[PDB]
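Each remark here refers to the structure printed beneath this line.
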Amino acid sequence: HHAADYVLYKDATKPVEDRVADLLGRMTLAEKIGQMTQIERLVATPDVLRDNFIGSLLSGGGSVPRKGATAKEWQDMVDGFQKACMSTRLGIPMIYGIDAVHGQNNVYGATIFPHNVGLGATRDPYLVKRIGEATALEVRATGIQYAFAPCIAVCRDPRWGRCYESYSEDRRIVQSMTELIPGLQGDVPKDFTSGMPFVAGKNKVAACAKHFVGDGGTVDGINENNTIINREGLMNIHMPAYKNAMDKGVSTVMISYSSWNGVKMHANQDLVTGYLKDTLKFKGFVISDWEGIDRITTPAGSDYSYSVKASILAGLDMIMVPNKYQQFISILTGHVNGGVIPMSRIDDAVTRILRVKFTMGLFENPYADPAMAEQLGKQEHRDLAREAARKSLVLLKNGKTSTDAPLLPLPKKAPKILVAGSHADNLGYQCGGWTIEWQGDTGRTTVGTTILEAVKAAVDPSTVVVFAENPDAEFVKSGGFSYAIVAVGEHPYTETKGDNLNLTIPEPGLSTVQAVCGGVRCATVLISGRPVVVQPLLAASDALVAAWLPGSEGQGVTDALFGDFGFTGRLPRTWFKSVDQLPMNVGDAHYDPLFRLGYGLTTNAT
Ligand SMILES: *[C@@H]1O[C@H](CO)[C@@H](O)[C@H](O)[C@H]1NC(C)=O
Ligand SMILES: *[C@@H]1O[C@H](CO)[C@@H](O)[C@H](O)[C@H]1NC(C)=O
Ligand SMILES: *[C@@H]1O[C@H](CO)[C@@H](O)[C@H](O)[C@H]1NC(C)=O
């Protein structure tokens, strides 16, 4: 189709399957295995990317070109890696992936949306679609083309450190929130075939349904552990949202570290090939988790040759190595040359990776668009995050007795008010894990508005706002306050660091709520990733709000506290009476919640 040097896979007018087959038929085994290899930016250089024919890069949590880097700095980093990949013999562009799981959350100045538990409280799938749309724009502002989201885990035990990454313990709510996918990727056309990958073009990103499968069903909520459940239960609880993801054209699926009835997911051919590929007809690419194949063995990493064979024969397509790429490539090449892994398996993995890259337009637009840098932290997206934070809040109490005046909404005009607690003026605590650092962090880690700053922006100019992080009761009683807002809760955590058998918030938290509420009427704002022991906090408080991990836009909290909007959120999880009840889900003989799934009080706007 015309120039003397015409090569069909470079022709943007040709169907994707024809371009995939044309390119695959030209590739050496080194070029094929390179496509299957994803490496961390920290081990990448131009020569490494070219010499090893690398297919993908990622940033892990906190892996950034520098602290405070601008959107342009991110684009220049991604473009520098892409120029090396485009300089190989075949010029196959890399795809760059990142955990953009509540906005583009590793990046300074990105909008930080509420984490998924609070989004489940909104029961609003169109809000979540709009969040996917804004997230895709902020990820593309940094030159990145691929987000590892949504987590469609159905968390069945809140002792799991990833419970906050699950929309709900009710798979129907998780299924509804798969609307994140067409937000991130764009809507699929009317005649679309379920299981095909889709991305609309350069203003959207590839998505990732994760972690396949049963990551929210592990014993005692131990992260990465064993999910013990019959096939009926796996299929009725943990699997359904993957079918919704197929129908919405999710481009990739990431495998879980967890096991199902003792079989590692990263080595489970029956489920990855037999079910996901051969039954659901998934035609995008399957990616490992970070060192997921290493963790097939006990101890992890003790037989990496086996890890490679087991994972590739199970049906995984791309391996998040992410550091020991030379060993990964050498071992896989040896297995293929030895006849241990057939070429048909390599060709299927490369077909799927190429299919996603061609479909999303990566060969046509391999480089960043500098005009997109301005989308990062845009005020329209902050207004959306503020809407989502307010909708996520669940009002659990609003008066100590049935005859008390309702405390919320609070008046904006009062002579003097108190804002108190470790979480009232701490942006890192209100964002939680996966924000700037992998585990999150404390203090003013990015651009946003704390609860204290939100109160100061809300109240009448005559209202004096006093801040005290941990006042004693005497200070409160002597202060001439009309009321207090006191915010406390969990510290940031991610993955195994968040596994927690006691679910009791760190002190001082309860002590501060008791001191403040003992001195003046108080609204307690509980920041957490999950239900936590709450009876003592409730006993002390006039009103109590479960705010989850609401992100950078603390005005979503004050929008409800001062009655600009009514409270509407409803619990997306069961609130237990005691951790000795766990696991405790609807239907269990022992179901005896403090607050049931779906519970929430309301207010009317003033
Ligand atoms: C579950 O956790 C235990 C205790 O740490 C560990 O020894 C075991 O390997 C884990 N099992 C799985 C399937 O990950
Ligand atoms: C609860 O568990 C967490 C996470 O393991 C731990 O850091 C904390 O100290 C524990 N709190 C207790 C035992 O009161
Ligand atoms: C809010 O308004 C409705 C009338 O539209 C009323 O029925 C309801 O009781 C009001 N207040 C609360 C706290 O629900």
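Each chain in the structure tokens gets a letter, A, B, ..., in the order shown, and its residues are numbered from 1; ligands are numbered from 1 in order too.
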Please produce, as CSV, a per-residue contact table for chain A versus ligand 3 (criterion: any atom at most 6 Å away, only C-alpha atoms and all ligand atoms considered), showing the nearest atom pair and its distance in Å to one decimal, sorted by chain then residue number.
residue,atom,partner,partner_atom_place_in_ligand_line,distance
A:602,CA,ligand 3,13 (C),5.2
A:603,CA,ligand 3,13 (C),4.3
A:604,CA,ligand 3,1 (C),4.9
Expected file contents, prior selection, N, CA and C atoms, as a PDB file, in the first residue's frame:
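Result file follows (result_6.pdb):
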ATOM      1  N   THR A 602     -29.571  10.537  57.278  1.00  0.00           N
ATOM      2  CA  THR A 602     -29.583  11.628  56.323  1.00  0.00           C
ATOM      3  C   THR A 602     -29.759  12.985  57.010  1.00  0.00           C
ATOM      4  N   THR A 603     -29.396  14.019  56.263  1.00  0.00           N
ATOM      5  CA  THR A 603     -29.779  15.382  56.600  1.00  0.00           C
ATOM      6  C   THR A 603     -30.329  16.044  55.333  1.00  0.00           C
ATOM      7  N   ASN A 604     -31.012  17.167  55.526  1.00  0.00           N
ATOM      8  CA  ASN A 604     -31.432  18.002  54.414  1.00  0.00           C
ATOM      9  C   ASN A 604     -30.528  19.231  54.325  1.00  0.00           C
TER      10      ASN A 604
END
### Message
DSSP on the backbone: which residues in range 58-161 of chain A end up as helix (DSSP H, G or I)? Give the answer as a ChimeraX atom specification.
### Response
/A:71-86,116-122,125-140
Within 6 Å of ligand 1, counting only C-alpha atoms and all ligand atoms, which protein or nucleic acid residues do you find, written as an mmCIF file with N, CA and C atoms, in the first residue's frame?
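Here's the written file out.cif:
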data_model
loop_
_atom_site.group_PDB
_atom_site.id
_atom_site.type_symbol
_atom_site.label_atom_id
_atom_site.label_comp_id
_atom_site.auth_asym_id
_atom_site.auth_seq_id
_atom_site.Cartn_x
_atom_site.Cartn_y
_atom_site.Cartn_z
ATOM 1 N N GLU A 224 -2.339 -11.495 50.335
ATOM 2 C CA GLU A 224 -1.575 -12.434 49.489
ATOM 3 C C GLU A 224 -1.766 -13.875 49.879
ATOM 4 N N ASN A 225 -2.740 -14.162 50.747
ATOM 5 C CA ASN A 225 -2.826 -15.521 51.314
ATOM 6 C C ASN A 225 -3.810 -16.419 50.565
ATOM 7 N N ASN A 226 -4.393 -17.402 51.270
ATOM 8 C CA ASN A 226 -5.184 -18.419 50.591
ATOM 9 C C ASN A 226 -6.676 -18.069 50.676
ATOM 10 N N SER A 259 -3.919 -17.242 46.520
ATOM 11 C CA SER A 259 -4.127 -18.585 46.030
ATOM 12 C C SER A 259 -5.616 -18.911 46.147
ATOM 13 N N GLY A 262 -5.390 -23.281 47.763
ATOM 14 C CA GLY A 262 -3.970 -23.649 47.808
ATOM 15 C C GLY A 262 -3.181 -23.571 46.498
#
### Task
Name each residue within 9 Å of ligand 2, counting only C-alpha atoms and all ligand atoms, as a VMD selection string.
chain A and resid 497 to 506
Expected file: the selected residues, N, CA and C atoms, as a PDB file, in the first residue's frame:
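What landed in result.pdb:
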ATOM      1  N   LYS A 497       1.266  -4.051  55.098  1.00  0.00           N
ATOM      2  CA  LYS A 497       1.357  -3.157  56.239  1.00  0.00           C
ATOM      3  C   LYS A 497       0.006  -2.782  56.823  1.00  0.00           C
ATOM      4  N   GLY A 498      -1.065  -2.871  56.031  1.00  0.00           N
ATOM      5  CA  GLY A 498      -2.383  -2.556  56.559  1.00  0.00           C
ATOM      6  C   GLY A 498      -3.130  -3.731  57.144  1.00  0.00           C
ATOM      7  N   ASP A 499      -2.616  -4.960  56.987  1.00  0.00           N
ATOM      8  CA  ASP A 499      -3.322  -6.089  57.633  1.00  0.00           C
ATOM      9  C   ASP A 499      -3.346  -5.854  59.144  1.00  0.00           C
ATOM     10  N   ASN A 500      -4.503  -6.081  59.762  1.00  0.00           N
ATOM     11  CA  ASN A 500      -4.670  -5.591  61.126  1.00  0.00           C
ATOM     12  C   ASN A 500      -5.744  -6.395  61.841  1.00  0.00           C
ATOM     13  N   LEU A 501      -5.323  -7.140  62.871  1.00  0.00           N
ATOM     14  CA  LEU A 501      -6.248  -8.047  63.548  1.00  0.00           C
ATOM     15  C   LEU A 501      -7.090  -7.375  64.623  1.00  0.00           C
ATOM     16  N   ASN A 502      -6.733  -6.161  65.062  1.00  0.00           N
ATOM     17  CA  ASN A 502      -7.446  -5.490  66.191  1.00  0.00           C
ATOM     18  C   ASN A 502      -8.358  -4.344  65.752  1.00  0.00           C
ATOM     19  N   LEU A 503      -8.053  -3.735  64.609  1.00  0.00           N
ATOM     20  CA  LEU A 503      -8.870  -2.661  64.025  1.00  0.00           C
ATOM     21  C   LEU A 503      -9.235  -1.553  65.022  1.00  0.00           C
ATOM     22  N   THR A 504      -8.263  -1.186  65.859  1.00  0.00           N
ATOM     23  CA  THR A 504      -8.402  -0.113  66.836  1.00  0.00           C
ATOM     24  C   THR A 504      -7.533   1.055  66.360  1.00  0.00           C
ATOM     25  N   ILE A 505      -8.113   2.253  66.255  1.00  0.00           N
ATOM     26  CA  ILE A 505      -7.351   3.385  65.722  1.00  0.00           C
ATOM     27  C   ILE A 505      -6.218   3.798  66.671  1.00  0.00           C
ATOM     28  N   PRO A 506      -5.114   4.320  66.120  1.00  0.00           N
ATOM     29  CA  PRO A 506      -3.996   4.749  66.958  1.00  0.00           C
ATOM     30  C   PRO A 506      -4.362   5.881  67.884  1.00  0.00           C
TER      31      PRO A 506
END
### Message
I'd like the neighbourhood of residue 149 in chain A as number ranges by chain, where a residue qualifies if any of its atoms comes within 7 Å (using only C-alpha atoms), though same-chain residues fewer than 2 positions away should be ignored.
### Response
A: 100-101, 147, 151, 207-210
Atoms to include: N, CA, C and O atoms. Write the selected residues as a short mmCIF file (atom, residue, chain, number, x, y, z; two decimals), in the first residue's frame.
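The resulting file, again19.cif, is reproduced below:
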data_model
loop_
_atom_site.label_atom_id
_atom_site.label_comp_id
_atom_site.auth_asym_id
_atom_site.auth_seq_id
_atom_site.Cartn_x
_atom_site.Cartn_y
_atom_site.Cartn_z
N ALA A 100 -2.44 4.36 39.19
CA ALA A 100 -3.32 5.53 39.30
C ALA A 100 -4.66 4.99 39.76
O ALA A 100 -5.50 4.61 38.93
N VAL A 101 -4.78 4.85 41.08
CA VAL A 101 -5.92 4.10 41.70
C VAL A 101 -6.90 5.03 42.43
O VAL A 101 -7.99 4.56 42.82
N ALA A 147 -3.09 2.63 33.31
CA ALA A 147 -3.38 2.66 34.76
C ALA A 147 -3.76 1.30 35.28
O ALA A 147 -4.62 0.62 34.71
N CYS A 151 -9.20 -1.91 40.83
CA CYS A 151 -9.32 -3.05 41.77
C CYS A 151 -10.79 -3.39 41.96
O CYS A 151 -11.56 -2.59 42.49
N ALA A 207 -6.81 0.27 30.82
CA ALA A 207 -7.18 -0.07 32.19
C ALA A 207 -6.77 -1.50 32.55
O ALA A 207 -6.21 -2.22 31.70
N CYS A 208 -7.05 -1.90 33.79
CA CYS A 208 -6.56 -3.19 34.33
C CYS A 208 -7.54 -3.65 35.40
O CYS A 208 -7.56 -3.06 36.49
N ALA A 209 -8.32 -4.69 35.10
CA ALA A 209 -9.13 -5.27 36.15
C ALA A 209 -8.25 -6.16 37.02
O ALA A 209 -7.54 -7.05 36.50
N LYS A 210 -8.26 -5.93 38.33
CA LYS A 210 -7.32 -6.64 39.24
C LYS A 210 -7.97 -6.92 40.58
O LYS A 210 -8.98 -6.26 40.93
#
### CA of residue 180 in chain A to CA of residue 198 in chain A, distance in Å rounded to a single decimal
13.5 Å
List the neighbours of residue 177 in chain A out to 8 Å using only C-alpha atoms; skip same-chain residues closer than 5 positions along the sequence, and give me the result as a PDB file with N, CA, C and O atoms, in the first residue's frame.
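Result file result.pdb:
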ATOM      1  N   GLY A 120     -17.755   3.276  46.933  1.00  0.00           N
ATOM      2  CA  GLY A 120     -18.881   2.320  47.089  1.00  0.00           C
ATOM      3  C   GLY A 120     -20.026   2.918  47.910  1.00  0.00           C
ATOM      4  O   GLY A 120     -21.211   2.635  47.626  1.00  0.00           O
ATOM      5  N   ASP A 124     -22.995   5.403  43.209  1.00  0.00           N
ATOM      6  CA  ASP A 124     -23.158   6.267  42.046  1.00  0.00           C
ATOM      7  C   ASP A 124     -22.141   5.868  40.961  1.00  0.00           C
ATOM      8  O   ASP A 124     -21.043   6.451  40.883  1.00  0.00           O
ATOM      9  N   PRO A 125     -22.508   4.921  40.088  1.00  0.00           N
ATOM     10  CA  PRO A 125     -21.582   4.470  39.056  1.00  0.00           C
ATOM     11  C   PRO A 125     -21.268   5.554  38.038  1.00  0.00           C
ATOM     12  O   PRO A 125     -20.172   5.475  37.445  1.00  0.00           O
ATOM     13  N   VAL A 128     -18.449   7.493  39.392  1.00  0.00           N
ATOM     14  CA  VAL A 128     -17.200   6.729  39.226  1.00  0.00           C
ATOM     15  C   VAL A 128     -16.723   6.754  37.759  1.00  0.00           C
ATOM     16  O   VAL A 128     -15.499   6.891  37.509  1.00  0.00           O
ATOM     17  N   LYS A 129     -17.639   6.671  36.789  1.00  0.00           N
ATOM     18  CA  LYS A 129     -17.213   6.854  35.392  1.00  0.00           C
ATOM     19  C   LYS A 129     -16.513   8.182  35.185  1.00  0.00           C
ATOM     20  O   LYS A 129     -15.452   8.248  34.543  1.00  0.00           O
ATOM     21  N   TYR A 167     -14.509  -1.620  46.388  1.00  0.00           N
ATOM     22  CA  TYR A 167     -15.728  -0.777  46.471  1.00  0.00           C
ATOM     23  C   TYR A 167     -16.693  -1.283  47.551  1.00  0.00           C
ATOM     24  O   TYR A 167     -17.438  -0.466  48.116  1.00  0.00           O
TER      25      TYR A 167
END
#### Entry: Which of A:117, A:296, A:349, A:410 sits closest to residue 547 in chain A [using only C-alpha atoms]
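Using only C-alpha atoms, the shortest distance to residue 547 in chain A belongs to A:117.
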### Task
Could you give me, as number ranges by chain, each residue of range 289-423 of chain A that DSSP assigns to strand (DSSP E or B) when run on this structure's backbone?
A: 318-320, 394-398, 416-420
Keeping only C-alpha atoms, write the selected residues as a tab-separated table (two decimals), in the first residue's frame.
chain	number	residue	atom	x	y	z
A	318	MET	CA	3.50	-9.84	30.49
A	319	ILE	CA	5.70	-10.18	33.62
A	320	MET	CA	6.14	-7.22	36.02
A	394	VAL	CA	-21.85	8.06	55.91
A	395	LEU	CA	-23.60	9.76	58.83
A	396	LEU	CA	-23.64	7.19	61.68
A	397	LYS	CA	-24.98	9.32	64.57
A	398	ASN	CA	-26.55	12.81	64.81
A	416	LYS	CA	-15.81	30.77	68.09
A	417	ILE	CA	-15.45	27.15	66.99
A	418	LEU	CA	-12.82	24.45	67.62
A	419	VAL	CA	-11.20	22.20	65.00
A	420	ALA	CA	-9.16	19.43	66.62
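Using only C-alpha atoms, the nearest neighbour of residue 588 in chain A within the list A:530, A:423, A:156, A:477 is A:156.
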### Task
Write out as a PyMOL selection string each polymer residue whose atoms come within 8 Å of range 245-252 of chain A, counting only C-alpha atoms; drop sequence neighbours fewer than 6 positions from it.
chain A and resi 178+181-182+185+187-188+193-199+206-209+280+282+284-287+356
### Task
Using only C-alpha atoms, determine which residues lie at most 12 Å from residue 331 in chain A, disregarding the query and same-chain residues fewer than 4 positions distant; provide the list as a list in words.
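Near residue 331 in chain A, the qualifying residues are residues 30, 33, 303, 304, 305, 306, 307, 308, 309, 312, 324, 325, 326, 327, 335, 336, 337, 338, 340 and 341 of chain A.
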#### Entry: For residue 437 in chain A, the nearest of the candidates A:528, A:59, A:52, A:365, counting only C-alpha atoms
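The answer is A:59, which sits nearest to residue 437 in chain A.
Comparing A:493, A:146, A:567, A:290 by their smallest distance to residue 266 in chain A, the closest is A:290 (using only C-alpha atoms).
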### Selection: 6 Å around residue 39 in chain A, only C-alpha atoms, excl. self and same-chain fewer than 4 positions, as a ChimeraX atom specification
/A:57,321-323
Keeping only C-alpha atoms, write the selected residues as a tab-separated table (two decimals), in the first residue's frame.
chain	number	residue	atom	x	y	z
A	57	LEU	CA	7.95	0.12	31.91
A	321	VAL	CA	9.66	-8.44	36.76
A	322	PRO	CA	10.32	-5.61	37.61
A	323	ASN	CA	14.11	-5.44	38.34
### Task
Find, counting only C-alpha atoms, the residue in A:361, A:415, A:440, A:217 that gets nearest to residue 11 in chain A.
A:361
Range 536-604 of chain A residues near range 446-467 of chain A within 6 Å, closest pair each, using only C-alpha atoms, as a tab-separated table:
residue	atom	partner	partner_atom	distance
A:552	CA	A:448	CA	4.6
A:553	CA	A:449	CA	5.4
A:554	CA	A:451	CA	5.0
A:555	CA	A:454	CA	4.8
#### Entry: Pick from A:144, A:95, A:597, A:255 nearest to residue 584 in chain A, counting only C-alpha atoms
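Ranking A:144, A:95, A:597, A:255 by distance to residue 584 in chain A, first place goes to A:597.
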